[PDB]
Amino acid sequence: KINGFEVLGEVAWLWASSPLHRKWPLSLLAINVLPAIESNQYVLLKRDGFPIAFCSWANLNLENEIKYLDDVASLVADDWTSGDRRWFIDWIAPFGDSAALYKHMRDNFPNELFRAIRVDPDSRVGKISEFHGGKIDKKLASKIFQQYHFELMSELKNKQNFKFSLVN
């Protein structure tokens, strides 16, 4: 827990050294980082006692995956262990150390699969990227991803049918 604050401080410093994250509000740091630390679902790489790279992941059920994709700031701590659909909540390496982070994930989570969303605010389009550990079979990974995707798309479309406009 003293450890906890120390990690939080490092991550804050690393956000502050990152061109986009430095502009984000402290509310989003608490939302994205406290549960990562509490659940230990993060990797923090350091050099010379300073942080250089950080990624975190939430293990979601489908309900929470849809909630997150509707609003990236909506997860609460309990959601982070709510299922088996893994999402990278943050992935930063502002000083050029991304390959080291990538490798660390590849080797330490060799049979895991993760997705991430990136949003372009000028088109309002979000894209989903896929990542998998270093030992898991390419064909099997690609099939698990296809299944995740089909489940997500089908549930989104179902929810699309109930959507409406609010008017006085």
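Numbers for residues come from their place in the sequence shown, where the first is 1.
Comparing 29-37 with 129-137, which has the greater mean CA B-factor as deposited?
Mean C-alpha B-factor is greater for 129-137.
Mean CA temperature factor from the deposited coordinates, higher in 4-12 or in 158-166?
It is 158-166.
Per the entry's values, where does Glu65 land by CA temperature factor relative to the rest of its chain, in the lowest, middle or highest third?
For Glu65, whose C-alpha B-factor we compare with every modelled residue in the chain, the answer is the lowest third.
For the chain shown, is the CA B-factor of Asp84 in the lowest, middle or highest third of its modelled residues?
Top third by C-alpha B-factor.
Would you please rank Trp57 by its C-alpha temperature factor against the other modelled residues of its chain and give the third it falls in: lowest, middle or highest?
It belongs to the lowest third of the chain when residues are ordered by C-alpha B-factor.
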